């Protein structure tokens, strides 16, 4: 009922404009990908947390059923957080409410903001983190 490709082009425009204070950002991984499948994401770790001021790079994949189905998310930057796999960076949909209970009105922006919101949770907030800059393989 939502046409994938037109939805993604609106997310691209909004992406290029940037939103709010700039604590989350996103764009196409390849600016010639007419399928609009592979996206990058940034999140700045929020204050009063062990994540604070760190710049997290993420890969987001919007498959053919997007946005009826949620996207896949992976951290490139190493992070200790509930629901992030420690060897791959993959995000477990079950552990993120936006992804667990995905709605076709959600977006890449919403996912990224939600992850940032989850960094401030009681479970994650004081998790010991690896050194800054490091990535999985």
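Numbering follows the first chain given and starts at 1.
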Selected stretch [higher average CA B-factor]: 112-120 or 13-21: 13-21
Largest Cα B-factor, entry values, listed residues 72, 80, 103, 37: 103
Chain third (lowest, middle, highest) by recorded CA B-factor, residue given as residue 49: highest
Record-listed C-alpha B factor of residue 28: chain third: middle
B-factor third for the C-alpha atom of residue 98 within its chain: highest
Third of chain Cα B-factors occupied by residue 107: middle
